[PDB]
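Enquirer: I have a structure here, written as C-alpha cells, and I will follow up with some questions on it.
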Amino acid sequence: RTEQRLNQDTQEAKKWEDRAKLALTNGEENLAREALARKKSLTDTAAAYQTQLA
Amino acid sequence: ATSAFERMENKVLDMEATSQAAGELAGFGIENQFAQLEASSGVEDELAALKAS
C-alpha cells in the first residue's frame with residue numbers, strides 16, 4: 001500500500017513537470033510556478049511514503 | 001470520489017494478497033532455486049540450439 005502510494009506520487013510529480021513544460025510553451029509563468037510548487041510539495045509526500053516504506 | 005476509494009482499497013487488498021503469496025516463496029530455498037535453475041537451464045538450452053543452428 002505504501003509502495004503503490006510512493007509510485008502514484010512519483011508519477012504524479014513527473015506529470016507536474018509535464019504541466020510545467022506545457023505552461024512554459026504556453027508562456028504562463030504563474031502556471032509554471034504553481035506546477036513547481038506542486039512538484040516540491042508532492043516530492044515531499046513521496047519522501048514521507050518512502051521513509052514509511054523503509 | 002467515494003466509490004473510487006472502495007475500488008482503490010479493493011486493489012490494495014489484491015496487492016497485499018500478492019505480496020503475501022510472494023513472501024510464502026521468499027527464503028523457501030528449494031522452490032526458489034528450482035525455479036531459478038529451470039529458467040537458467042532453459043535459456044542455456046535455447047542458446048545451445050542457436051549455436052548449433
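Residues are referred to by chain and number: the chain letter is A, B, ... according to the order shown in the C-alpha cells, the number counts from 1 in that chain, and ligands are numbered separately from 1 in the order shown.
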Pull the closest atom pair for each residue of chain B that gets at most 12 Å from chain A, along with the distance in Å to one decimal, counting only C-alpha atoms, ordering rows by chain and then ascending residue number, as JSON lines.
Expert:
{"residue": "B:8", "atom": "CA", "partner": "A:1", "partner_atom": "CA", "distance": 9.9}
{"residue": "B:9", "atom": "CA", "partner": "A:1", "partner_atom": "CA", "distance": 9.0}
{"residue": "B:10", "atom": "CA", "partner": "A:1", "partner_atom": "CA", "distance": 11.0}
{"residue": "B:11", "atom": "CA", "partner": "A:1", "partner_atom": "CA", "distance": 9.4}
{"residue": "B:12", "atom": "CA", "partner": "A:1", "partner_atom": "CA", "distance": 5.8}
{"residue": "B:13", "atom": "CA", "partner": "A:1", "partner_atom": "CA", "distance": 8.4}
{"residue": "B:14", "atom": "CA", "partner": "A:1", "partner_atom": "CA", "distance": 10.0}
{"residue": "B:15", "atom": "CA", "partner": "A:1", "partner_atom": "CA", "distance": 7.4}
{"residue": "B:16", "atom": "CA", "partner": "A:1", "partner_atom": "CA", "distance": 7.3}
{"residue": "B:17", "atom": "CA", "partner": "A:1", "partner_atom": "CA", "distance": 11.0}
{"residue": "B:18", "atom": "CA", "partner": "A:1", "partner_atom": "CA", "distance": 11.5}
{"residue": "B:19", "atom": "CA", "partner": "A:1", "partner_atom": "CA", "distance": 10.2}
Enquirer: Store the residues picked out above in a file with C-alpha atoms, as a compact mmCIF listing (two decimals), in the first residue's frame.
Expert:
# COMPACT_ATOMS: atom_id res chain seq x y z
CA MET B 8 -8.66 1.68 -4.51
CA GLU B 9 -8.88 -0.26 -1.19
CA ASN B 10 -10.03 -3.44 -3.03
CA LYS B 11 -6.96 -3.23 -5.37
CA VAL B 12 -4.69 -2.52 -2.33
CA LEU B 13 -6.03 -5.79 -0.75
CA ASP B 14 -5.14 -7.63 -4.03
CA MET B 15 -1.59 -6.13 -3.84
CA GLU B 16 -1.21 -7.19 -0.14
CA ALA B 17 -2.51 -10.71 -1.01
CA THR B 18 0.01 -10.78 -3.95
CA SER B 19 2.83 -9.69 -1.54
Enquirer: Between atom CA of residue 3 of chain A and atom CA of residue 49 of chain A, what is the distance, to one decimal in Å?
Expert: 7.3 Å
Enquirer: What does the distance from atom CA of residue 10 of chain A to atom CA of residue 44 of chain A come to in Å, to one decimal?
Expert: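 Going from atom CA of residue 10 of chain A over to atom CA of residue 44 of chain A, I get 10.2 Å.
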Enquirer: Do you have the atom CA of residue 23 of chain A-atom CA of residue 36 of chain A distance handy?
Expert: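 Between atom CA of residue 23 of chain A and atom CA of residue 36 of chain A the gap is 10.6 Å.
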